[PDB]
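**Student:** Could you have a look at this structure, given as structure tokens, before my questions?
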Amino acid sequence: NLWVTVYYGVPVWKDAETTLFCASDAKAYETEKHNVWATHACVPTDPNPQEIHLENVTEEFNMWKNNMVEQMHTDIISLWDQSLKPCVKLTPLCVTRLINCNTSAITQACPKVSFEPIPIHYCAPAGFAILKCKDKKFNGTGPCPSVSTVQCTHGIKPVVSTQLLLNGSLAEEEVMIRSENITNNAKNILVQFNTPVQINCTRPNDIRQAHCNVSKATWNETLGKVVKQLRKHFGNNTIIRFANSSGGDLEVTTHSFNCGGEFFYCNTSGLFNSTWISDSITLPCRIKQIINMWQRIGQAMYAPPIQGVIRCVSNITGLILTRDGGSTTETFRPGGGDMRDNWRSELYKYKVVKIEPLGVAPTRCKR
Amino acid sequence: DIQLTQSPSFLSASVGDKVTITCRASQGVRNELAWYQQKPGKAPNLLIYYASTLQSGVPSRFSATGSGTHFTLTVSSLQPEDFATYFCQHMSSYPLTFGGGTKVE
Amino acid sequence: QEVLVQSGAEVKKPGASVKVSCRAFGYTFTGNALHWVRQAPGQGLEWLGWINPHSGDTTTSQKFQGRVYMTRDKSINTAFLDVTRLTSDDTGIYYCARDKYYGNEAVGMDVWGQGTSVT
Amino acid sequence: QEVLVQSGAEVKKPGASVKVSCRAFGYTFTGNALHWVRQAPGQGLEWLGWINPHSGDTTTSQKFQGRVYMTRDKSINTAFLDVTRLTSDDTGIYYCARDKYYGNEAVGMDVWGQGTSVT
Amino acid sequence: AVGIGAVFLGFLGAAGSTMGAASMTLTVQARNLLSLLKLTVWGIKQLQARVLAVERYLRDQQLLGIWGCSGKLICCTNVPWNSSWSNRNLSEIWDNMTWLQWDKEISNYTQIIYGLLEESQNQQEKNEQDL
Amino acid sequence: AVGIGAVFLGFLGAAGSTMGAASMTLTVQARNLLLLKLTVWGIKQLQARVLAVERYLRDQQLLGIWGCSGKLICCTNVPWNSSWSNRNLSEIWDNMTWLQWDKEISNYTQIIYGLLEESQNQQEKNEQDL
Amino acid sequence: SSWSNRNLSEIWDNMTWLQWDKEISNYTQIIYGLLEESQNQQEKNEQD
Amino acid sequence: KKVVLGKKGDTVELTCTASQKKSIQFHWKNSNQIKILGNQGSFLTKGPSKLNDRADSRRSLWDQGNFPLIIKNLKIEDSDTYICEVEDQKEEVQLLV
Ligand SMILES: *[C@@H]1O[C@H](CO)[C@@H](O[C@@H]2O[C@H](CO)[C@@H](O[C@@H]3O[C@H](CO[C@H]4O[C@H](CO)[C@@H](O)[C@H](O)[C@@H]4O)[C@@H](O)[C@H](O[C@H]4O[C@H](CO)[C@@H](O)[C@H](O)[C@@H]4O)[C@@H]3O)[C@H](O)[C@H]2NC(C)=O)[C@H](O)[C@H]1NC(C)=O
Ligand SMILES: *[C@@H]1O[C@H](CO)[C@@H](O[C@@H]2O[C@H](CO)[C@@H](O[C@@H]3O[C@H](CO[C@H]4O[C@H](CO)[C@@H](O)[C@H](O)[C@@H]4O)[C@@H](O)[C@H](O[C@H]4O[C@H](CO)[C@@H](O)[C@H](O)[C@@H]4O)[C@@H]3O)[C@H](O)[C@H]2NC(C)=O)[C@H](O)[C@H]1NC(C)=O
Ligand SMILES: *[C@@H]1O[C@H](CO)[C@@H](O)[C@H](O)[C@H]1NC(C)=O
Ligand SMILES: *[C@@H]1O[C@H](CO)[C@@H](O)[C@H](O)[C@H]1NC(C)=O
């Protein structure tokens, strides 16, 4: 009795894994080694962003199986492989239980280049949409009850750091704890602060002695907020301990980051020392030039440090902790190194949807 | 216009009681009624729309019934933060107007 | 999250004109009509008029015809109320409100501004 | 010019499964329906099934459902036939045959392979 | 009650609304599908995006033209609605579901709908007008 | 006989078939009608795609002039004059290819286009206006 | 009957298209809103 | 269960293969569910167990898919089961000395 009708322009979407253009805000005259990449990969930004708040609808935001993270990761590898040319690069190839292989020995000219992060947006093409969840108490996974279609994202600074998140984006109401599976003893725990912690970090006018000052009272109250939120998941009566590290490579056992083009390695044993029950800290950073690469596996030699003062002030906004579950009290040790987890704390609430405005529905037409 | 009368204007009650406040209009208004409450020094908020439907957010202890020119707002259990001033607003035709204001204590 | 922000208080001489603004945060501005209500200190609320933020059509009460005027701006997402030829009875609190607007008629106002006091 | 190229002869044990491929040359593979047929030595022709190489739908007789399965690959233009729970009566030579397919119906088998020997 | 007219919920703004009301705001989810070193980098990619959007819109309009609805947004056809595709009451389908729930539900049976709307209209209304 | 459905001959794959069977697959032949390297190689692909889109748009506009916008098959109001190589309908639709038909009509096709443009959409219109 | 209504002979036999567009320069948006909204949606509502 | 035999004062190698040609985050746990060693990205990170100074992994095999563990100058207390976790797959290796 009732017949099939077509519809062009229905508001439905599906889940897709398409590519995106960056569209950062470049300058096209500066040789900071980020504008050079941005003027070879990005278009300029539109100064009037489009934001549409949606009606009574929910969507399932997954965050540990995202697609924007692995598209961030390739772009940042391309940027780092273009900008910081290593002096000597060693990579093991050996395309074929024991297979013998040597290492490649790629050499190139390695001049000194300036380095500074810039905010990089990620802007979806025509025929797609980006959904953003605005719930201030987001678990990280599961459904979200308030979505909004944005044209594209906030200012993401592609920082490269381990054991501390630098120049990141803050939280809304309280400090937040995100994990793929809690009580699993192997997944990294991401901690997002509610207020930034300012850190000065500099080598003043041997040459590989840089100090790195952080305020003690703000760090104490930040760690108090952190342990107060970790005690919500652990029975409200357990003792929480903080330790330094456990072995490993030099780039993961310490706060390994970059400043002015120099590879700073700051010790963090003077930070994670308190045990919790129910003025300025100086750090001995070394500027290192025989490092393990994070883009692939292998070693890289760089130049000796340039003369002059090297100063950088930043905002610590996030932590990467890891439980040491055993056989009582619980001890958290830091870590990280898998650089996707650096960008999985800033693309933590976005989803890419494919528009599909072609529906069918039955009603009482004829012919 | 259409006049709105609330009975009673002033009432005194204790915690845990049952109260009913009657809103009356001069003409038929079908069911287009809105019930609000307000604390002094604060903006009002919506409680009942369409004279029977609970707003998402208010507790379920409140109820509202009525039709024609006779409407009742009923509180099943009186809580000490619910002691406010209660308004009923019709929207049948222009002009819009409010009630006299029912203050409880 | 869905909030309305108004402007500060004003004190004006009688017979003048006053301008008050209301801005909408947390929801799309061109989707719900905006109502304006006033309370005099000592008695209940009284209603002024309501405006569509998309078309620009207005609706004003019969008591204040030619007295109050309602305009809009979409680049800032603001609504302006102008009250002309002030008297001593106009001392009170102004309120902008978001009507729920189900089925394209008036249903009930749910989001309110913090208020603007005039004397 | 239009020929059908297959794999070599196979020898398999009973209870196993055997796979045979047929690739098209000289014509558009998605244009004509494709038949499969077997021959035991000294007997007459008896038929397995036939498949559209465009839709992927298969059709088999009343005594080989759940016994053989036919698939297609349009990238290499190869049709695959798999025979499961091999017995002693399935030993013989294999043929894939292009149907002439006039008027969207079966007409006749004009292009043949050179036969896959299974034992 | 009193009314003043329509409002503009925006692009993809009526996803949470019912299908009885989202089918009236069809024109704003359809209009938005069309919308020297600096020259050779920032010019090629934007032109490629514009050409891809134009080609996608023309492909969708070509599919509608094959379906028998040349330029109409809402258009209605000759294929009967088989009850094996899940039917409910008319008030429930046109008043109690979003478009998202309907597209999540019917997605098993979409290609058979598309093939039927091609063949049973435009190979059956035609070949009888050519008699 | 037994059957399974249609087949897919391909783009321009029914030129040897009869007119009564090649007119059912117009959908296939209507679907397919629609740094140094960034300077050289990409702009040729972009020009080719723009040229294909513009050719399809010009041809669809020419179909839309005659009142035949969008539809693959439509009917008009001019009569078939018997001087345009008259034949039976059965031998036209059963014993000819489309290539032989355009070999046999090519002396008169511009007159057909002019009669379609001048009449119909300028004769149904300007008569409905009065 | 408004929008500067005349008899059809003077419209179709005396005035150019430029003067006709200058005459309804003020009133074009009302006609566009009557065409796009509340007619085609109304007609295709009546079809259902 | 794959059971290996070792001698005191020597080095033992444990093998735990993967299923694809990538670099996947692994982990190793004992019977008490304590991390000995793991990887993050392209870095190696050891655990808080007693085998911190006597555990190592072959670096160049992480691109291959073979994901081994090395014990040097071992004692009698290393005789325990070992869980190799990769892609939600738990391989059980038993060691006797
Ligand atoms: C070039 O390639 C084309 C197509 O690729 C070939 O065209 C096909 O030709 C065959 C025949 O050569 C067509 O097949 C059948 O035609 C028969 C003709 O009917 C007479 O012969 C039968 C013999 O049994 C008698 O029973 C009958 O009474 C007639 O005397 C019919 O059997 C079939 O047509 C029937 O069905 C169709 C619908 O499919 C009806 O319209 C007919 O009226 C009739 O009832 C059958 O069609 C085949 O159809 C042709 N293809 C197409 C697409 O039309 C050429 O043969 C080939 N070679 C050359 C030299 O051109
Ligand atoms: C956010 O998500 C919520 C989901 O809860 C949606 O809320 C509902 O939206 C619908 C929209 O149609 C609302 O329906 C509207 O309100 C009334 C509902 O009927 C009540 O009132 C009548 C009055 O006589 C009673 O008889 C009846 O029993 C109900 O108590 C009506 O005014 C309308 O329904 C009528 O619409 C037309 C009018 O001709 C006809 O189809 C029918 O006659 C029908 O009765 C009107 O449609 C509903 O009230 C909302 N609230 C609920 C269910 O709690 C929101 O839509 C969504 N937000 C957005 C932006 O979409
Ligand atoms: C309805 O659909 C079912 C399955 O999709 C099919 O088997 C049946 O033949 C169809 N019936 C009609 C009348 O379309
Ligand atoms: C038909 O064609 C002939 C061509 O010789 C022409 O003379 C005649 O006028 C035509 N008939 C028409 C147009 O009615």
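Letters A, B, ... go to the chains of the structure tokens in the order shown; residues in each chain start at 1; ligands are counted from 1 in the same order.
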Taking the chain letters and numbering used in this document, name the residues of chain G that DSSP puts in alpha helix (DSSP H), as a count of residues only.
**Tutor:** 30
**Student:** Matching each Cα of chain C to its counterpart in chain D by order, what RMSD results from the least-squares fit?
**Tutor:**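 C-alpha RMSD after optimal superposition stands at 0.4 Å.
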**Student:** Find the residues near ligand 2. Use a cut-off of 6 Å, count only C-alpha atoms and all ligand atoms, and write them as a CSV table (one decimal) with N, CA, C and O atoms, in the first residue's frame.
**Tutor:**
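Saved result, pocket-v4.csv, follows:
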chain,number,residue,atom,x,y,z
A,55,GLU,N,21.6,19.0,18.2
A,55,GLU,CA,20.5,18.6,19.0
A,55,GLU,C,20.7,17.3,19.8
A,55,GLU,O,21.8,16.8,19.9
A,56,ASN,N,19.6,16.8,20.3
A,56,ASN,CA,19.5,15.7,21.2
A,56,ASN,C,20.0,14.4,20.5
A,56,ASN,O,19.2,13.6,20.0
C,102,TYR,N,9.5,24.4,20.7
C,102,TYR,CA,9.3,23.1,20.1
C,102,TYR,C,8.1,23.2,19.1
C,102,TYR,O,7.0,23.7,19.4
C,103,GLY,N,8.4,22.6,17.9
C,103,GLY,CA,7.3,22.6,16.9
C,103,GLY,C,7.0,24.0,16.3
C,103,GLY,O,6.0,24.1,15.6
E,16,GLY,N,19.5,15.3,15.6
E,16,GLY,CA,18.7,14.8,16.7
E,16,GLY,C,17.2,15.0,16.6
E,16,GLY,O,16.5,14.5,17.5
E,17,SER,N,16.7,15.7,15.6
E,17,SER,CA,15.3,15.9,15.4
E,17,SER,C,14.6,14.6,14.8
E,17,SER,O,15.3,13.7,14.3
**Student:** As a list in words, please: the residues near stretch 50-54 of chain E (cut-off 8 Å, only C-alpha atoms, same-chain neighbours under 5 positions excluded).
**Tutor:**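 The neighbour list is residues 126 and 127 of chain A; 33 and 34 of chain E; 49 and 50 of chain F.
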**Student:** Pull out every residue of chain E sitting within 12 Å of chain F, counting only C-alpha atoms, and send them as a ChimeraX atom specification.
**Tutor:** /E:36-37,39-72,118-119,122-127,129-131
**Student:** Report as number ranges by chain which protein, DNA and RNA residues come within 12 Å of ligand 3, using only C-alpha atoms and all ligand atoms.
**Tutor:** A: 1, 3; E: 79-87, 106, 108-113, 116, 120
**Student:** Write out as an MDAnalysis selection string each polymer residue (protein, DNA or RNA) that has an atom no more than 12 Å from ligand 4, with only C-alpha atoms and all ligand atoms counted.
**Tutor:** chainID F and resid 78:86 107:108 111:112 114:115
**Student:** If you count only C-alpha atoms and all ligand atoms, which residues end up within 9 Å of ligand 1, as number ranges by chain?
**Tutor:** D: 100-105, 107; F: 14, 16-22, 94-95
**Student:** Stretch 29-46 of chain G: which residues within 9 Å, counting only C-alpha atoms, same-chain residues fewer than 5 positions away excluded, as an MDAnalysis selection string?
**Tutor:** chainID E and resid 24 74:75
**Student:** Write out as a PDB file with N, CA, C and O atoms, in the first residue's frame each polymer residue whose atoms come within 9 Å of residue D:1, counting only C-alpha atoms; drop sequence neighbours fewer than 2 positions from it.
**Tutor:**
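Final file, around21.pdb:
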ATOM      1  N   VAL D   3      40.569 -17.937 -25.243  1.00  0.00           N
ATOM      2  CA  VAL D   3      41.005 -19.192 -24.644  1.00  0.00           C
ATOM      3  C   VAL D   3      40.855 -19.114 -23.130  1.00  0.00           C
ATOM      4  O   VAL D   3      40.645 -18.046 -22.548  1.00  0.00           O
ATOM      5  N   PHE D  25      41.091 -15.335 -21.523  1.00  0.00           N
ATOM      6  CA  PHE D  25      41.868 -14.535 -22.458  1.00  0.00           C
ATOM      7  C   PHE D  25      41.057 -14.312 -23.725  1.00  0.00           C
ATOM      8  O   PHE D  25      40.378 -15.224 -24.205  1.00  0.00           O
ATOM      9  N   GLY D  26      41.138 -13.098 -24.268  1.00  0.00           N
ATOM     10  CA  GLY D  26      40.500 -12.774 -25.525  1.00  0.00           C
ATOM     11  C   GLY D  26      39.096 -12.218 -25.428  1.00  0.00           C
ATOM     12  O   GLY D  26      38.528 -11.839 -26.460  1.00  0.00           O
ATOM     13  N   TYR D  27      38.510 -12.163 -24.234  1.00  0.00           N
ATOM     14  CA  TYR D  27      37.174 -11.609 -24.071  1.00  0.00           C
ATOM     15  C   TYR D  27      37.056 -10.982 -22.690  1.00  0.00           C
ATOM     16  O   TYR D  27      37.859 -11.248 -21.793  1.00  0.00           O
TER      17      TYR D  27
END
**Student:** So that I can check the surroundings of residue E:99, please list as a list in words every protein, DNA and RNA residue that reaches within 8 Å of it, counting only C-alpha atoms and ignoring chain neighbours fewer than 3 positions away.
**Tutor:**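 Once the nearby chain positions are removed, what remains is residues 10, 11 and 12 of chain A; 15, 16, 17, 18, 19, 22, 102 and 103 of chain E.
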